[PDB]
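A.B. asks: For the sequence shown, my numbering gives the first residue as 110, with consecutive numbering after it.
Backbone N, C-alpha and C fix where the C-beta goes; we use that ideal spot for every residue, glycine too.
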Amino acid sequence: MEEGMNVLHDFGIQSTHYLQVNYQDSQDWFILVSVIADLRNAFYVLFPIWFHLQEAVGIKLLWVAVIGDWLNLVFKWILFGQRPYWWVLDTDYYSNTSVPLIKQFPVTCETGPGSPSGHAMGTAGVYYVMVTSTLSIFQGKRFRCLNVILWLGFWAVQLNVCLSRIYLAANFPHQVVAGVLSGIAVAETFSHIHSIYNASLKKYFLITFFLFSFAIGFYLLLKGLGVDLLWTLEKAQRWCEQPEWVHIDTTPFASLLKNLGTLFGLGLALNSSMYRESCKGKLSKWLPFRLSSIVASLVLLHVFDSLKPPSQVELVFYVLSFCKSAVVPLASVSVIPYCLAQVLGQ
Ligand SMILES: O=P(O)(O)OC[C@H]1O[C@H](O)[C@H](O)[C@@H](O)[C@@H]1O
Numbered sequence: 110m111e112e113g114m115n116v117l118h119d120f121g122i123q124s125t126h127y128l129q130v131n132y133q134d135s136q137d138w139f140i141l142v143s144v145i146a147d148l149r150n151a152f153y154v155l156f157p158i159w160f161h162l163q164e165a166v167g168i169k170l171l172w173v174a175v176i177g178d179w180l181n182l183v184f185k186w187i188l189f190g191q192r193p194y195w196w197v198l199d200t201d202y203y204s205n206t207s208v209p210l211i212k213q214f215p216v217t218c219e220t221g222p223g224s225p226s227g228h229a230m231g232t233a234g235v236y237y238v239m240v241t242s243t244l245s246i247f248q249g250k251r252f253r254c255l256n257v258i259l260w261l262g263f264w265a266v267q268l269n270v271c272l273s274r275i276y277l278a279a280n281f282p283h284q285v286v287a288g289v290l291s292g293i294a295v296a297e298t299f300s301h302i303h304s305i306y307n308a309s310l311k312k313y314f315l316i317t318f319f320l321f322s323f324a325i326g327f328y329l330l331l332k333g334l335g336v337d338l339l340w341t342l343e344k345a346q347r348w349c350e351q352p353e354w355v356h357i358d359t360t361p362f363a364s365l366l367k368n369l370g371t372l373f374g375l376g377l378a379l380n381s382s383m384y385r386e387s388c389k390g391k392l393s394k395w396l397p398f399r400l401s402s403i404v405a406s407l408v409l410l411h412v413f414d415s416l417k418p419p420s421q422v423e424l425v426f427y428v429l430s431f432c433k434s435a436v437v438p439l440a441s442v443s444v445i446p447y448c449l450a451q452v453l454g455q
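1) Please classify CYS254: is it buried, with 16 or more other beta-carbons within 10 angstroms of its beta-carbon, or exposed?
2) Relative to the C-alpha of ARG192, which candidate in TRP260, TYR237 and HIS283 has its C-alpha closest?
3) Expressed to the nearest angstrom, what Euclidean distance is found between the alpha-carbon atoms of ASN115 and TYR328?
4) Less than 8 Å between the beta carbons of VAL355 and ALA363, yes or no?
5) Going by beta-carbon coordinates alone, are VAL270 and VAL144 separated by less than 8 Å?
6) Would you call the segment 274-281 and the segment 202-222 in contact, with 3 or more CB pairs under 8 Å?
7) Just to confirm, does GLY234 get its C-beta within under 7 Å of one of the non-hydrogen atoms of ligand 2?
8) Please list the segments of the alpha helix (DSSP H) lying wholly inside the segment 328-383, counting only runs of 4 or more residues, in order along the chain.
9) Is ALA279 near ligand 1, judged by its Cβ being under 7 Å from some heavy atom?
10) Should the segment 406-417 be called in touch with the segment 333-344, which here means at least 3 C-beta pairs below 8 Å?
11) Among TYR194, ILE293 and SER382, whose alpha-carbon lies nearest the alpha-carbon of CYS349?
12) Taking all protein chains shown into account, decide if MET230 is buried (16 or more other Cβ within 10 angstroms of its Cβ) or exposed.
13) At least one CB of chain C closer than 8 Å to the CB of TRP196: is that the case?
14) Is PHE398 near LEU407, with beta carbons less than 8 Å apart?
15) Whole angstroms are fine: how far does the CA of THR200 sit from the CA of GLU111?
16) Decide if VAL208 is buried, meaning its Cβ has at least 16 other Cβ atoms within 10 Å, or exposed.
17) Could you check whether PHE426 and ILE357 sit closer than 8 Å to each other, using their CB atoms as the reference points?
18) Give me the Cα-Cα distance between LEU148 and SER245, rounded to the nearest whole angstrom.
19) For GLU219, count neighbouring Cβ atoms within 10 angstroms of its own Cβ and tell me buried if that reaches 16, exposed if not.
20) Does the separation of the CB atoms of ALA174 and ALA151 fall below 8 Å?
21) Identify, in the order they occur along the chain, each residue of the same chain with its Cβ nearer than 6 Å to the Cβ of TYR153, setting aside the five sequence neighbours on each side.
22) Please say whether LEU375 and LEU171 have beta carbons closer to each other than 8 Å?
23) Keeping to the same chain, check which residues put their C-beta closer than 6 Å to that of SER434; ignore five residues upstream and five downstream.
24) Determine the extent of the alpha helix (DSSP H) in which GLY234 is found, giving its start and end residues.
25) Using CA coordinates, which residue listed in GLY335, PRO446, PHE281 and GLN451 is at the minimum distance from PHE160?
26) From this set, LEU117, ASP178, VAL183 and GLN129, which residue's C-alpha is nearest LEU331's C-alpha?
27) Can you list the alpha helix (DSSP H) stretches of 4 or more residues lying completely in the segment 132-163, in chain order?
28) Using three-state DSSP, classify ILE316 as helix, strand or coil.
29) Please classify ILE187 as buried or exposed, where buried requires at least 16 neighbouring CB atoms within 10 angstroms.
30) Could you check where the alpha helix (DSSP H) with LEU416 kicks off and where it finishes?
31) Would you grab the beta carbon distance between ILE293 and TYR202 for me? Rounded to a whole angstrom, and I think it's under 8 Å.
32) By Cβ distance below 7 Å, which residues in the same chain neighbour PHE321 in space, the five residues on each side in sequence not counted?
33) Can you tell me where the alpha helix (DSSP H) holding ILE275 begins and where it ends?
34) Output the boundary residues of the alpha helix (DSSP H) element that contains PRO222.
35) Exposed or buried, what is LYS389 when buried is set at 16 or more other beta-carbons lying within 10 Å of its beta-carbon?
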């Protein structure tokens with residue numbers, strides 16, 4: 110088996126070297142592509158925009174994003190998998206030959222296993238939902254041209270994300286291909302599910318509790334058994350160039366809490382009391398109201414994102430991240446429309 114994964118690793122290293130050497134003027138473009146491809150933008154930009162227009166799309170988008178980031182974590186733990194920025198300096202494969210010279214970037218110090226890519230998986234899962242929903246909405250409200258344009262844009266986005274994750278290292282081509290396929294599969298699976306709407310308040314809590322308990326118990330069971338699931342945190346603390354390039358917000362534990370928090374926040378916002386009576390006469394039916402709601406949500410969420418929880422004790426950071434993630438869907442669905450209604454309603 111060892112002589113089989115080495116071929117894939119060497120192919121990835123050679124591809125990264127070729128991209129980095131023969132394309133040097135596209136560094137900033139690839140960094141920008143890798144920056145605006147974070148899932149943070151799927152909770153702070155896409156969801157507020159898509160919730161106030163055909164609100165059935167926003168709930169599906171949030172559910173797909175959360176379940177995709179839980180499945181990516183769980184399959185990242187078991188599949189293991191290296192990243193082409195510590196493997197180059199740690200392997201003993203490049204003996205009898207010169208080791209290739211690879212370059213690191215302020216974003217190439219990721220902590221975590223990388224067998225399914227997570228940027229590609231999330232981007233595919235979200236943009237497939239968006240494109241399919243738009244095609245369904247504008248279906249004969251010349252369609253072939255729109256179909257071709259939207260699918261071309263989707264595939265261009267996926268290709269650019271793959272090239273970005275390969276150029277800056279931190280991932281192998283088979284990893285990004287697997288991530289794209291898994292994201293598309295998850296998007297389709299939730300495209301054929303109709304129970305995520307009008308769910309009770311007990312359902313959301315039971316679901317998030319089951320996910321958290323499964324993750325924590327699985328980790329504890331393997332840790333007691335003898336294996337170490339958190340092994341990439343030690344290999345990223347030696348081979349990263351600058352010790353300031355690693356952050357705690359990219360620790361497998363942080364993402365899980367940040368996803369459970371936003372799921373619970375969406376549940377609370379949907380099953381609250383202000384949402385059920387947001388309209389008070391003539392409201393929630395006019396374009397100015399919804400456009401102003403979108404603008405206010407975007408501006409206030411962008412301002413509120415600046416509040417960085419203190420990172421001195423890990424438990425405090427985890428709980429504050431949970432609460433801060435829970436705030437955004439609750440404050441974007443229940444509070445801003447209520448304030449706008451009570452101000453410009455009479
Ligand atoms: O695609 P990757 O390079 O593995 O990055 C994807 C991962 O980035 C962060 O570190 C988070 O832990 C995850 O929420 C995300 O899935």
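C.D. replies: Concretely, from the data shown:
1) Sequence index remark: in the sequence shown, residue 254 carries index 145 (1-based). The residue in question, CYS254, is exposed, as its Cβ has fewer than 16 Cβ neighbours within 10 Å.
2) Position 83 of the sequence shown holds residue 192. It is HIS283.
3) What you label residue 115 is simply residue 6 of the sequence shown in a count that begins at 1. What you label residue 328 is simply residue 219 of the sequence shown in a count that begins at 1. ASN115 and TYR328: Cα-Cα distance of roughly 28 Å.
4) Translated into positions along the sequence shown, residue 355 becomes position 246. Translated into positions along the sequence shown, residue 363 becomes position 254. Going by C-beta atoms, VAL355 is not nearer than 8 Å to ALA363.
5) Locating residue 270 in the sequence shown gives position 161, where the first residue counts as 1. Locating residue 144 in the sequence shown gives position 35, where the first residue counts as 1. No; because the gap between Cβ atoms is not below 8 Å, this pair is not in contact.
6) yes
7) Among the ligands in the structure shown, ligand 2 does not appear; only ligand 1 can be found there.
8) 341-344 and 361-379
9) Start at 1 with the first residue of the sequence shown, and residue 279 comes out as number 170. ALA279 Cβ: within cutoff of ligand 1.
10) no
11) Numbered from its first residue, the sequence shown carries residue 349 at position 240. The shortest Cα separation from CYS349 among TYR194, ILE293 and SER382 belongs to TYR194.
12) In the sequence shown, residue 230 corresponds to position 121, counting from 1. Per the 10 Å Cβ criterion, buried.
13) Here chain C cannot be found, since the structure has a single protein chain.
14) On the sequence shown, position 289 is the one that residue 398 refers to. On the sequence shown, position 298 is the one that residue 407 refers to. No, the Cβ-Cβ distance between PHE398 and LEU407 is not below 8 Å.
15) Position 2 of the sequence shown, counting from 1, holds the residue named residue 111. Position 91 of the sequence shown, counting from 1, holds the residue named residue 200. Taking the straight line joining both Cα atoms gives about 12 Å.
16) Residue 208 sits at position 99 when you count from the first residue of the sequence shown. Exposed, because fewer than 16 other Cβ atoms sit within 10 Å of the Cβ of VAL208.
17) The residue labelled residue 357 in the question sits at position 248 within the sequence shown. The residue labelled residue 426 in the question sits at position 317 within the sequence shown. The answer is yes: Cβ separation under 8 Å.
18) Against the sequence shown, residue 148 aligns to sequence position 39. Against the sequence shown, residue 245 aligns to sequence position 136. If I take the Cα positions, the gap works out to 24 Å.
19) In the sequence shown, counting from the first residue as 1, residue 219 sits at position 110. Classification for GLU219: buried.
20) Position 65 of the sequence shown, counted from the start, is the residue given in the question as residue 174. Position 42 of the sequence shown, counted from the start, is the residue given in the question as residue 151. Yes; because the gap between Cβ atoms is below 8 Å, this pair is in contact.
21) Looking up residue 153 in the sequence shown gives position 44. The answer, listed in chain order, is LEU410.
22) Residue mapping note: residue 171 aligns to position 62 of the sequence shown, counting from 1. Residue mapping note: residue 375 aligns to position 266 of the sequence shown, counting from 1. Contact: yes.
23) For the purposes of this step, residue 434 is taken as residue 325 along the sequence shown, with counting starting at 1. Excluding positions up to five away in sequence, the list reads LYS367, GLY370 and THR371.
24) Locating residue 234 in the sequence shown gives position 125, counting from the first residue. Per DSSP, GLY234 belongs to the alpha helix (DSSP H) from 227-246.
25) Numbered from its first residue, the sequence shown carries residue 160 at position 51. Residue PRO446 is the option with its Cα nearest to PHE160.
26) On the sequence shown, position 222 is the one that residue 331 refers to. Among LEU117, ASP178, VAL183 and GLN129, the Cα nearest to that of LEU331 is on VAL183.
27) 136-144, 149-153 and 155-160
28) Translated into the one-based positions of the sequence shown, residue 316 becomes position 207. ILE316: helix per DSSP, three-state reduction.
29) Numbered from 1 along the sequence shown, position 78 holds the residue referred to as residue 187. It counts as exposed.
30) Here residue 416 refers to the residue found at position 307 of the sequence shown. Run containing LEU416: none; DSSP gives neither H nor E here.
31) Here the question's residue 293 lines up with position 184 in the sequence shown. Here the question's residue 202 lines up with position 93 in the sequence shown. Contact flag wrong, Cβ pair sits at about 33 Å.
32) On the sequence shown, position 212 is the one that residue 321 refers to. Here the set comprises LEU369.
33) Position 166 of the sequence shown, counted from the start, is the residue given in the question as residue 275. Segment 252-276, the alpha helix (DSSP H) holding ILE275.
34) In the sequence shown, the residue the question calls residue 222 occupies position 113. From DSSP, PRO222 is part of no alpha helix (DSSP H); its letter is neither H nor E.
35) Taking the first residue of the sequence shown as position 1, residue 389 is located at position 280. Exposed, by the Cβ-count rule.
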